[PDB]
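Take a look at the structure below.
Protein chains in written order, with the entry's author numbering: chain A, 2 to 27, 51 to 112; chain X, 5 to 168; chain d, 4 to 116; chain K, 2 to 96; chain H, 3 to 200, 218 to 315; chain e, 6 to 94; chain J, 2 to 172; chain N, 2 to 345; chain b, 1 to 80; chain Z, 96 to 141.
Written out as C-alpha cells, the structure reads:
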C-alpha cells in the first residue's frame, strides 16, 4: 500500500513536533515577475513531459517538427525577456 | 441474455505457472493452428458465446505441447525455469547462458524451432468454420437519407422577398 | 432554407455555375452610386476642397464596390436559385404534402352598407 | 452516479464561493483555481473510465489554460495593490 | 511491513552523523581538526546535539499564528522522508508506475516548508527575506525539470528501475557531458548555503540535510550505477555507498571553497547563462534518438 | 461549424476513431451502430428513427439501467437476512 | 474500509467548504493543499498515474506556490481567525450540512437527488472496467501525443507566447 | 508600442478563427481563452486607475463565464460522450451553455459589467474590441441552434431590450450609451436563433459595421455629450451631418439601413404564428431610439458650447474605415435587400 | 568578410555561452534532415508490435504464410 | 428473485445482439474481499 508508506512518515514527523513543544519545561513588485516566468515555463515543460514516453510508438517525422517547436517558442519567450528584464 | 451451460468449460486448465508459460515461446511455432483458429473467430465474431468450441481445441492442444516437455528434457527446462523466476522483471537478461543449455536438448527432438524475427501477421487460408458476413451487431438497416437533387438550378421567381 | 448539400471554401459553388450572371444591372449601378458616395464624403471628413472636384482616388472607390458587389450579386443569383430548386424538388418527390384544390363557386356572406 | 454526486457538488459549492464575497479579492482567484481543479477531476473520471486514450491529452491542455487565466488575472490583482494600498472589492471608482 | 521503519530511523541517523562529516571534512579543508573532546573521534556528538536542542532548549514565540509554525515542520520533515520511498535501492519500497514524476513533484512541494515558515513570523523583514529564499528554490526547479527530461530522453522511461539497466557498461556522465556539470549546480537549490543563504531550529535543517543526501543518491542513479547483478544484492550496495558518499563530499567541497554569488547575479546565472544552455541541449537531446536509432 | 475546414484535416474529435496505437473504446461497438444510423439528415432533425440505438448507447456510458437492477438484487439479498439465505462461495 | 474513492470524495468536498466560507486567503490557501493532494488520489484510483501526478507538478508545484507570493504582496502579515469572523462560520456550517446530511441518505446504496441520477452501491461497479488491455494500456499508458493532434500543439504555444509578452506590458 | 501591439491584435483575429473553424469542444474553449489573454493588455494601455479597475471587472466576470462553459462541455461527456459541436443532448447542459455565453455577450442578467468596462477603456481603438469580440460567442450559438430551450433564451432577449431601453436614459457618457445599445441589440440577436438561425449572422454585419463607424468618427476626442457638443462650430460642420446618419440608423428608421435587421427579425418571427413578441420588440426599440433622439440635438442645434480656444490646424486621425463603412451604414436597404441569401 | 569574421570573435569575447545556445540548437535542426540514418529508426518503430497480431482469411493471396519460419510478410532483419 | 417481478432474462440492453463486457461492473456481488483484490491494479500494485 502507498497510504501505509505515506501516513507512517507523516505521523512520526508530527510526533517529533510533540517532542519539540510539549517536552520542554521552564513591497517590491520586481520579484513578482520571477513567479510569472516560472509558472508560464512549467506548462511548456508539462507539454514537453511525454518526450521519453510517446516517442516509442509514434512517427518520428511528425513528432520532431513539433517537439523542437515547443522548445523554440520556449526560447523565443526568453528572447523577448532579454530586452529590458530587470536589475534583479 | 442466454449464456453457455455449466459444463461448457474444458477440464484440465491453468496447471502451468505464469512465467512457466512465458519461459517457452516455442508454443508460438508449434501448436499454432488451433490458436490462430480461435484468433480468427474472435475478430469475425466479437462475442465469446459463439467461439468457445474453438477454445476447447486450444486448451487440448496446449496440454499436448507441455506433456512432450514433461517426457523429454525435463532437467534443462526446469533449470531454465528456476533461472527465469530468480530474476526481477528482466525475464530474458542474465539467463542467456542457461538458454544455451536449452534448445540443445530439444534439438534431438523435432520440437526445437525458434524464430529470430517474429510473427508479422500470419494468414489462415485453411480456415472455414463459419462465414464472416452475418451481421455482427446491426439490427436495423437505417432509413434512407434525403434524395439528392440532380440537375442544374434555374432562376424562375428572381427573389421571393417583399420587392423586385 | 439551411445548407444541406453545400460546402464552404470559395463562395460560389462552381459546380452550379449554370445561371447567367448580372450584366449591366440597375442593382450594380446603385452600389456604383454608393462607391461614388464613399468617394464624396472622404473629402468631407478629411478636409479636402470640393467633393465633386478634388483628388482622383475616387476611381478606386468606384471599382471596389462594383467588384465586391458583382460577386455578392453572383452569390445572390446562386442562393435564390438553390432555395427555389430544393423547394420544387420537395413537391415533386413527396406529392402528398402539397394538395391541389380547383373549381369552386362557394357561397359567401354579403355585407350591408 | 456514486463519485459524480460529490465532485459536481464541490463544483456548485465553489460556484457559490466565487460570487459570495467578504471584501477579499484574493479569495476569488483562489476559488478560480478550485473551479479548474473541480473541472479537472470531473473530466478525468469521464475519460479514464470510458477508455478513450485520445481524450487523455485534453485535461493536460485544460491544465495549461487553467494556469493561463490564474496568472494573467493574478497580475492585474498586483496592479490594484500598486494603485491602491490593499486589495478590496469595496475600494472602487467606476460608475 | 518493517521496511518503512528501516528507512526512517537509520535515515535520521545519517542526517545526524552528517553534522560531524560537515564539521570534519570542512575542518581538514581549513587546517583545523574535527570534534575529539566529545567521544573517541567525536562520534558521540550527534546524539549530544539531539539531547541539547530538543529537551531543555525552549521556544520563545515571536507571534505563534495558531495553525502555522507547527504546520511548517510537517511539510519539511514529512515530505523529505517520503522522497526515500521510490528510490531503486536493489528492490524499492512499493515501486512506482512512474518514478521520477514522484521525485520531481515532492521536491517542488518541499518549497512550502520555507514558505509557511515565512508566514510563521509577524515581522515583515522575515517574510521579505523568506520570499528571496523562495525565489532561489523556485527558479532552479525549472532547470531540474529540463535536465531530467533530457537525460530520460536518451534512455529509459520515467521508471527508476530502468535507469539501472541502461548503465550496464557505460555511465550517463559521458553522453550527457554538459548536463553532468549542469545537474550538479542545479541540485544546489534547497538552501544549500554553497550558492546563497537566507518549530525549533533543530528539526528544520534535519529535513534540509536529508534533501542533500537525497540529491546525492539521485545523482548516483541518474549518472552512476556501474552494474546491477540480481544474484548478489550485496555487491551493488557496497559499491553504491562509495559512489554516493564521494558526491556527498563534493557538496561539502563547494560550501567550503566558494563564496556567495550575490542574489541578483545568482538570478543572472539562470535565464541568461543556464537556460540558453539547457534548452539548446534539450533541443539536441530530442534529435539524438531520431538521428541514431535508440528509443527504448 | 460556421466555417468549414476544406482541403485540411484537424478533426480527431468523435469517439471510436483512429486509435493512438490500437487501443479500443469502452463503447466502441455501440457507436458502430450510432454513427451508421445517423450519418444522414433523416434522424438528425427528428431524432426518432435512431431512438432504439441511442438508448443502448446511453446505457453504455452511464450504466444506470444495470445500476437499478443490481440494487434490486442487493436489497433482496439483504431481505434474506434471518431467512432462507445461502452462499455458494 | 471497503470503499476507496467515495471516502476520498467526501474529503475533496470538505476542502471546498473552506472556499464557500472565507476564512482569510491563508487558510483558504491551505484548502488547495488538502483538496488538491486528495484530488490526485481520486484520479489515481481509476488508473493513469501520469494524469494524477500532473496536479502534484503544476497545482501543488507551481500554481498555489505563485499564489503564495501574491498573498504576501497584498493582504499579508496576519490572517484573522475564522471562529471570530461573522457569517464566515455561518457559511461554513451551512456548507457542511449540504454534504454530511446527504451522506446519511447515500447509506443503503440508493439516494434521491436534485438530478435524476442515483447514488448506487459504488463497490463492485466502482472500477467499471474488467481487463480491457495488456501492455502499455490502462488508457493513459500512451496518454499525451504530438502525433495526430498537431494543431493543438501550435495553439498552446501561441497562448504561452502571449502570456510572457502581455504580463510584461501590464507591469 | 511597435510590432508587439499588432501581434497581440492578430492573436484576437486568430483566436476567433479557432472559434469559427472548429469541430472539437475543447478547441472553441481555447478560442475563447485566447481572447482573454489578449484583450487585457489593450484594456490597460495608458497606465490608468480606471483601466486597472475595468480589466479586473472584465476578467472576473469572463473567467467565470468560460468555466461555466467548460461544465457544459464535461456534461457532454457524462451523457452521450460525443465531442462534436452540434447538439448539447441534455436539458441540463443547455442551461449552463446559454447562460455562460450570455455572460460573454451583453445579454440581460449578466449585463452589469458592460457599462463600467466600456468607461475604463483608454482609447477608441480598444472600444472596437468589445463590439468585434461579440462575434465569438455568437458563432457558437449559430452552431448549437437546436436542443436549446425557448424559456431561457427568449426571456433573456426580451428583458435585455427592456433593461437596455431604460439603461441609457439616465446616462450622459458617450461610452455608456454605446455600451447599453450593445445590451439592446443582443436582444435582437438571440431572438432569431430559434426561428431560423439565419439572419443572426446578417444582424452581426449591420451591428459591427454601424458600431465601428461611431468610434472612428469619435476619433475627434469626446467622452461626454457636453464634450461632443463643442463640435458644431469650433470643429467641422460636415462631420455633424455624417454622425447624424449613424445616430438615427442605430434606432429603427426605414430610410436608413439600420432598419434592415428590424426588417427580417420581425418578418421571420411572424411566419411562425408569433405576433405578441414582435410587438414587444418594436415598442421597446423606441426607447433605444430615444437615446439618439437627445444625442441628435447635440449636433443639429447650436447648444452654446463655443469655447474661446479655436483650432486652426486641421485634424489628422487614423480614419481607416471611417469613409467606406458609413456609406454602407447609411444606405443599403435599397441596395441589397437580397443580401439575406448572400450572407446566409 | 564584413560580419562573418567580425561578428563571431566578438561573440566569443562577449558572452560565449550565447554561441552554444545557437550552434548546438542549430545542429539539432539541420543534421536530422542531412543524415541518411533516420530511415532505419522508423523501420523498427513500426515493426515493434505492442498490440496482438490479427489473422486475415485468405482467398488467393500472396506474401502470406503460416506462423512458422517461412519466406513471407515483412519481418525486419535490419542488422540482425 | 422469486417473489418480485424481475425475470432475470433479456438483460438491460434492448439490442440483445452486441453483448459487451457485462460482468466488468458486476463480477459477482458476493464476497467483497475477492472484489477488492480484483480491482486493485493501481492501488497497492503487487
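Positions of the beta carbon are idealized from the N, C-alpha and C atoms, including for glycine.
- Annotated as proximal: residue 230/N and residue 299/N, with beta-carbon spacing under 8 Å.
- Not a single C-beta of chain d is nearer than 8 Å to the C-beta of residue 53/X.
- Take the alpha-carbon of residue 30/e and the one of residue 21/e: they are about 6 Å apart.
- Contact between residue 62/K and residue 157/J holds: their C-beta atoms lie close to 6 Å from each other, under 8 Å.
- Nearest Cα to residue 199/H within the set 279/H, 101/H and 11/H: 279/H.
- Residue 129/J sits buried, since 16 or more C-beta atoms from the chains shown fall within 10 Å of its C-beta.
- Shown here for residue 169/N: same chain residues with a beta carbon closer than 6 Å to its own, the five before and five after excluded, namely 178, 181 and 292 in chain order.
- Exclusion of the five residues before and after residue 111/J leaves 119, 120 and 121 as the residues of its chain whose Cβ lies within less than 8 Å of its Cβ.
- If you look at residue 42/N, you'll find it in the alpha helix (DSSP H) that goes 26 to 45.
- The Cβ atoms of residue 114/N and residue 71/N do not sit closer than 8 Å to each other.
- For residue 174/N, the beta-bridge partners assigned by DSSP are 225/N.
- Spanning the alpha carbons of residue 35/N and residue 76/J requires a straight line of approximately 30 Å.
- Secondary structure at residue 55/d: coil, using DSSP grouped into helix, strand and coil.
- The beta-carbon distance between residue 28/K and residue 87/J, rounded to whole angstroms, is 16 Å. This is too long to meet the 8 Å contact definition.
- Within the model, the alpha-carbon separation for residue 78/A versus residue 163/J is close to 27 Å.
- With fewer than 16 other CB atoms across the displayed protein chains lying within 10 angstroms of its CB, residue 156/X is exposed.
- In the structure shown, the three-state DSSP call for residue 76/N is helix.
- Spanning the alpha carbons of residue 22/K and residue 83/J requires a straight line of approximately 15 Å.
- In the structure shown, residue 148/X falls within a coil segment according to DSSP collapsed to helix, strand and coil.
- Excluding residues up to 5 positions away in sequence, 24 lie with their Cβ nearer than 6 Å to the Cβ of residue 89/K in the same chain.
- Residue environment: residue 13/X is assigned as exposed (fewer than 16 neighbouring CB atoms within 10 Å of its CB, all protein chains considered).
- Burial is judged here by how many other beta carbons sit within 10 angstroms of a residue's own beta carbon; residue 169/H has at least 16 and is buried.
- Nearest Cα to residue 84/N within the set 70/e, 11/e, 8/e and 16/e: 16/e.
- Non-local beta-carbon contacts of residue 189/H in its own chain, meaning distances under 6 Å to residues more than five positions away in sequence, involve 234 in chain order.
- At a cut-off of 8 Å, the C-beta of residue 61/J has no neighbouring C-beta in chain K.
- By the Cβ rule, the region 40 to 52 of chain H does not count as touching the region 111 to 127 of chain H, because fewer than three pairs are nearer than 8 Å.
- Counting along the chain, the unbroken alpha helix (DSSP H) around residue 59/K starts and ends at 59 to 84.
- Within the region 3 to 28 of chain N, the residues whose Cβ lies closer than 7 Å to any Cβ of chain K are, in chain order, 27.
- The beta carbon of residue 13/X does not come within 8 Å of any beta carbon belonging to chain e, so the residue lies off that interface.
- Between the alpha carbons of residue 148/H and residue 259/N lies a gap of roughly 58 Å.
- What residue 154/J touches in chain A, judged by beta-carbon distance under 8 Å, is 71, 90, 93 and 94, going in chain order.
- Rounded to whole angstroms, the Cβ separation of residue 243/N and residue 47/d is 7 Å, and the two are in contact under 8 Å.
- The C-alpha of residue 94/K is placed about 14 Å away from the C-alpha of residue 119/N.
- Around residue 30/N, no beta-carbon contact reaches into chain e at under 8 Å, the shortest distance being about 13 Å.
- With 16 or more other Cβ atoms inside 10 Å of its own Cβ, residue 86/H counts as buried.
- The distance from the Cβ of residue 105/A to that of residue 113/J is about 57 Å, inconsistent with a contact at the 8 Å cut-off.
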